[PDB]
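See below for the structure under consideration.
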Amino acid sequence: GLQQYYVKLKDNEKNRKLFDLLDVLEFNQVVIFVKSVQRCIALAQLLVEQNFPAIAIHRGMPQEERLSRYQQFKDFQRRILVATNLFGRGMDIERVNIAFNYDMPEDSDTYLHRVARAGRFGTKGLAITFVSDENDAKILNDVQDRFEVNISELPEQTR
């Protein structure tokens, strides 16, 4: 179903909110998107230290390396994937039950493509996006105005 929500907070509150949501929310596999390779690597490192089996897969990584790492995610050796973007298919993230946009996507098309992938084939799940500046808010409105998708503040048949 990929229920979509957003949280408006300062960027320096993101780790705090992220950590909070991960213990309170029920989840099997999760994917978290960040805007840069540096943030991708660091966030995964922070999570692992917090005893969260996370792994980073980012642009620049050789096709074979991405798959080896993603394979670990698929076999549940890692339950949290931190990525900079979606890659080809096979990178079937529709398996996740939660998708976080730690950093708001660059634009509304990217945002839709991500929820479409995390919810591919109409699979169920939750989508949570962090809004930290007026640019992020603008994009959020773009998604709602352009696609008429329902995104509210965080408080079989097609899903």
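Just remember, in the structure tokens the first chain shown is A, the second B, etc., residues are 1-based per chain, and ligands are 1-based in the order shown.
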
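Proximity to region 107-117 of chain A at 8 Å, evaluated using only C-alpha atoms and with sequence-adjacent residues fewer than 2 positions away removed, yields residues 2, 86, 92, 93, 94, 99, 104, 105, 119, 120, 127, 139, 140, 142 and 143 of chain A.
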
Please produce a file of the residues just selected, as a PDB file, in the first residue's frame, where the atoms kept are N, CA, C and O atoms.
```pdb
ATOM      1  N   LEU A   2       2.049   1.093   0.581  1.00  0.00           N
ATOM      2  CA  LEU A   2       2.985   2.196   0.690  1.00  0.00           C
ATOM      3  C   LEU A   2       2.250   3.440   1.149  1.00  0.00           C
ATOM      4  O   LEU A   2       1.900   4.315   0.355  1.00  0.00           O
ATOM      5  N   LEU A  86      18.257   4.286  -6.688  1.00  0.00           N
ATOM      6  CA  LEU A  86      17.817   2.961  -7.086  1.00  0.00           C
ATOM      7  C   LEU A  86      18.662   2.597  -8.287  1.00  0.00           C
ATOM      8  O   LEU A  86      19.082   3.472  -9.040  1.00  0.00           O
ATOM      9  N   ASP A  92      15.459  -5.390  -6.408  1.00  0.00           N
ATOM     10  CA  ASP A  92      14.064  -5.455  -5.988  1.00  0.00           C
ATOM     11  C   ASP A  92      13.733  -5.033  -4.562  1.00  0.00           C
ATOM     12  O   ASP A  92      13.330  -5.864  -3.740  1.00  0.00           O
ATOM     13  N   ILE A  93      13.858  -3.737  -4.286  1.00  0.00           N
ATOM     14  CA  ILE A  93      13.578  -3.188  -2.957  1.00  0.00           C
ATOM     15  C   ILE A  93      12.117  -3.274  -2.524  1.00  0.00           C
ATOM     16  O   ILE A  93      11.774  -2.896  -1.404  1.00  0.00           O
ATOM     17  N   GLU A  94      11.251  -3.738  -3.415  1.00  0.00           N
ATOM     18  CA  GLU A  94       9.847  -3.900  -3.075  1.00  0.00           C
ATOM     19  C   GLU A  94       9.732  -4.860  -1.893  1.00  0.00           C
ATOM     20  O   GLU A  94       8.673  -4.983  -1.299  1.00  0.00           O
ATOM     21  N   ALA A  99      10.303   2.436   3.807  1.00  0.00           N
ATOM     22  CA  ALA A  99      11.251   3.185   2.980  1.00  0.00           C
ATOM     23  C   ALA A  99      11.341   4.596   3.551  1.00  0.00           C
ATOM     24  O   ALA A  99      10.323   5.289   3.663  1.00  0.00           O
ATOM     25  N   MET A 104      15.305  14.452   1.487  1.00  0.00           N
ATOM     26  CA  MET A 104      14.243  14.567   0.503  1.00  0.00           C
ATOM     27  C   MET A 104      14.847  14.419  -0.887  1.00  0.00           C
ATOM     28  O   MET A 104      15.924  14.952  -1.164  1.00  0.00           O
ATOM     29  N   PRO A 105      14.184  13.658  -1.764  1.00  0.00           N
ATOM     30  CA  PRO A 105      14.676  13.467  -3.128  1.00  0.00           C
ATOM     31  C   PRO A 105      14.913  14.826  -3.796  1.00  0.00           C
ATOM     32  O   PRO A 105      14.353  15.839  -3.373  1.00  0.00           O
ATOM     33  N   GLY A 119       7.230   0.077  -3.453  1.00  0.00           N
ATOM     34  CA  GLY A 119       5.893  -0.493  -3.432  1.00  0.00           C
ATOM     35  C   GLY A 119       5.579  -1.195  -4.741  1.00  0.00           C
ATOM     36  O   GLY A 119       4.417  -1.416  -5.072  1.00  0.00           O
ATOM     37  N   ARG A 120       6.621  -1.573  -5.476  1.00  0.00           N
ATOM     38  CA  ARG A 120       6.448  -2.229  -6.765  1.00  0.00           C
ATOM     39  C   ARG A 120       5.415  -3.360  -6.751  1.00  0.00           C
ATOM     40  O   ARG A 120       5.339  -4.142  -5.794  1.00  0.00           O
ATOM     41  N   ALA A 127       6.120   4.707   3.781  1.00  0.00           N
ATOM     42  CA  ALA A 127       7.120   5.615   3.229  1.00  0.00           C
ATOM     43  C   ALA A 127       7.174   6.825   4.162  1.00  0.00           C
ATOM     44  O   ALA A 127       6.140   7.437   4.449  1.00  0.00           O
ATOM     45  N   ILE A 139       9.119  20.439  -2.932  1.00  0.00           N
ATOM     46  CA  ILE A 139       9.091  19.149  -3.620  1.00  0.00           C
ATOM     47  C   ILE A 139       7.900  18.328  -3.158  1.00  0.00           C
ATOM     48  O   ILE A 139       7.212  17.710  -3.969  1.00  0.00           O
ATOM     49  N   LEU A 140       7.656  18.330  -1.853  1.00  0.00           N
ATOM     50  CA  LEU A 140       6.536  17.596  -1.270  1.00  0.00           C
ATOM     51  C   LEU A 140       5.212  18.084  -1.872  1.00  0.00           C
ATOM     52  O   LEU A 140       4.311  17.293  -2.173  1.00  0.00           O
ATOM     53  N   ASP A 142       4.963  19.555  -4.766  1.00  0.00           N
ATOM     54  CA  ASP A 142       5.002  19.173  -6.174  1.00  0.00           C
ATOM     55  C   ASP A 142       4.381  17.796  -6.350  1.00  0.00           C
ATOM     56  O   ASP A 142       3.557  17.583  -7.238  1.00  0.00           O
ATOM     57  N   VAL A 143       4.785  16.864  -5.494  1.00  0.00           N
ATOM     58  CA  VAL A 143       4.265  15.498  -5.555  1.00  0.00           C
ATOM     59  C   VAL A 143       2.748  15.486  -5.372  1.00  0.00           C
ATOM     60  O   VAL A 143       2.026  14.814  -6.116  1.00  0.00           O
TER      61      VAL A 143
END
```

Closest contacts (region 58-105 of chain A/region 18-38 of chain A, max 10 Å, only C-alpha atoms) as a tab-separated table:
```
residue	atom	partner	partner_atom	distance
A:58	CA	A:37	CA	5.9
A:59	CA	A:37	CA	7.0
A:60	CA	A:37	CA	8.6
A:61	CA	A:37	CA	10.0
A:73	CA	A:29	CA	7.9
A:74	CA	A:29	CA	8.7
A:76	CA	A:29	CA	7.8
A:78	CA	A:29	CA	8.2
A:79	CA	A:29	CA	4.7
A:80	CA	A:30	CA	4.8
A:81	CA	A:31	CA	4.6
A:82	CA	A:32	CA	4.7
A:83	CA	A:33	CA	5.0
A:84	CA	A:34	CA	5.3
A:85	CA	A:33	CA	6.7
A:86	CA	A:33	CA	9.0
A:93	CA	A:31	CA	7.5
A:94	CA	A:29	CA	9.7
A:95	CA	A:29	CA	7.0
A:96	CA	A:29	CA	4.6
A:97	CA	A:27	CA	6.0
A:98	CA	A:30	CA	5.0
A:99	CA	A:31	CA	5.0
A:100	CA	A:32	CA	4.6
A:101	CA	A:33	CA	4.9
A:102	CA	A:34	CA	5.5
A:103	CA	A:34	CA	4.9
A:104	CA	A:35	CA	7.7
A:105	CA	A:35	CA	7.3
```

Expected answer as a PyMOL selection string: strand (DSSP E or B) residues in chain A: chain A and resi 3-8+30-33+54-57+80-83+98-101+126-131+151-153

Filtered DSSP result for region 84-141 of chain A, state alpha helix (DSSP H), as a PyMOL selection string: chain A and resi 108-118+134-141

Go ahead and save the residues from that selection, with N, CA, C and O atoms, as a CSV table (one decimal), in the first residue's frame.
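Generated file (result17.csv):
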```csv
chain,number,residue,atom,x,y,z
A,108,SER,N,10.3,15.8,-7.4
A,108,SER,CA,9.1,15.0,-7.3
A,108,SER,C,9.1,13.7,-8.1
A,108,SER,O,8.5,12.7,-7.7
A,109,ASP,N,9.7,13.7,-9.3
A,109,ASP,CA,9.7,12.5,-10.1
A,109,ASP,C,10.5,11.4,-9.4
A,109,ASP,O,10.0,10.3,-9.4
A,110,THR,N,11.6,11.8,-8.9
A,110,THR,CA,12.5,10.9,-8.1
A,110,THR,C,11.7,10.3,-6.9
A,110,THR,O,11.8,9.1,-6.7
A,111,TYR,N,11.0,11.2,-6.2
A,111,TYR,CA,10.2,10.8,-5.1
A,111,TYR,C,9.2,9.7,-5.5
A,111,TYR,O,9.0,8.7,-4.8
A,112,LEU,N,8.4,9.9,-6.6
A,112,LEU,CA,7.4,9.0,-7.1
A,112,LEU,C,8.1,7.7,-7.5
A,112,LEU,O,7.6,6.6,-7.2
A,113,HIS,N,9.2,7.8,-8.2
A,113,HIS,CA,9.9,6.6,-8.7
A,113,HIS,C,10.3,5.7,-7.5
A,113,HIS,O,10.2,4.5,-7.6
A,114,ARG,N,10.7,6.3,-6.4
A,114,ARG,CA,11.1,5.6,-5.2
A,114,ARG,C,10.0,4.9,-4.6
A,114,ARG,O,10.1,3.7,-4.2
A,115,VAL,N,8.8,5.6,-4.3
A,115,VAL,CA,7.7,4.9,-3.7
A,115,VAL,C,7.1,3.9,-4.6
A,115,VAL,O,6.6,2.9,-4.2
A,116,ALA,N,7.3,4.1,-5.9
A,116,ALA,CA,6.8,3.1,-6.9
A,116,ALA,C,7.6,1.8,-6.9
A,116,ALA,O,7.1,0.7,-7.1
A,117,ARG,N,8.9,2.0,-6.6
A,117,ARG,CA,9.9,0.8,-6.5
A,117,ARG,C,9.7,0.1,-5.2
A,117,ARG,O,9.6,-1.1,-5.1
A,118,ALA,N,9.7,0.9,-4.1
A,118,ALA,CA,9.5,0.3,-2.8
A,118,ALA,C,8.2,-0.4,-2.6
A,118,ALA,O,8.0,-1.3,-1.8
A,134,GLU,N,12.7,24.7,3.0
A,134,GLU,CA,11.6,25.1,2.2
A,134,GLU,C,11.7,24.5,0.8
A,134,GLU,O,10.7,24.5,0.0
A,135,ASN,N,12.9,24.0,0.4
A,135,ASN,CA,13.1,23.3,-0.9
A,135,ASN,C,12.4,22.0,-0.8
A,135,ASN,O,11.7,21.6,-1.6
A,136,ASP,N,12.7,21.3,0.3
A,136,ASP,CA,12.1,20.0,0.6
A,136,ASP,C,10.6,20.1,0.6
A,136,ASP,O,9.9,19.3,0.1
A,137,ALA,N,10.1,21.2,1.3
A,137,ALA,CA,8.6,21.4,1.3
A,137,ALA,C,8.1,21.6,-0.1
A,137,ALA,O,7.0,21.1,-0.4
A,138,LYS,N,8.8,22.3,-0.9
A,138,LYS,CA,8.3,22.6,-2.3
A,138,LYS,C,8.1,21.3,-3.0
A,138,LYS,O,7.1,21.1,-3.7
A,139,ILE,N,9.1,20.4,-2.9
A,139,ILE,CA,9.1,19.1,-3.6
A,139,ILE,C,7.9,18.3,-3.2
A,139,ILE,O,7.2,17.7,-4.0
A,140,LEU,N,7.7,18.3,-1.9
A,140,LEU,CA,6.5,17.6,-1.3
A,140,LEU,C,5.2,18.1,-1.9
A,140,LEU,O,4.3,17.3,-2.2
A,141,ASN,N,5.1,19.4,-2.0
A,141,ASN,CA,3.9,20.0,-2.6
A,141,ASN,C,3.8,19.6,-4.1
A,141,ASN,O,2.7,19.3,-4.6
```

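Residues within 9 Å of residue 3 (chain A), counting only C-alpha atoms and excluding same-chain residues fewer than 5 positions away, are residues 124, 125, 126, 127, 128, 150, 151 and 159 of chain A.
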
Considering only C-alpha atoms, state which residue in the set A:54, A:9, A:106, A:70 is at the smallest distance from residue 91 (chain A).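 Among the listed residues, A:70 lies closest to residue 91 (chain A).
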
Skip residue 7 (chain A) itself and residues of its chain fewer than 2 positions away, then list as a list in words all residues within 8 Å of it, counting only C-alpha atoms. residues 5, 9, 128, 129, 130, 131, 153 and 154 of chain A

Generate the output file for the selected residues, C-alpha atoms, as a tab-separated table (two decimals), in the first residue's frame.
```
chain	number	residue	atom	x	y	z
A	5	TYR	CA	4.11	10.37	5.51
A	9	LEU	CA	12.31	18.71	11.51
A	128	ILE	CA	8.54	8.29	5.56
A	129	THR	CA	10.21	11.47	4.26
A	130	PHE	CA	12.13	14.04	6.29
A	131	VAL	CA	11.45	17.68	5.33
A	153	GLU	CA	2.43	14.31	8.71
A	154	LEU	CA	3.61	11.35	10.80
```

In Å, how far is it from CA of residue 77 (chain A) to CA of residue 52 (chain A)?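 Going from CA of residue 77 (chain A) over to CA of residue 52 (chain A) covers 11.2 Å.
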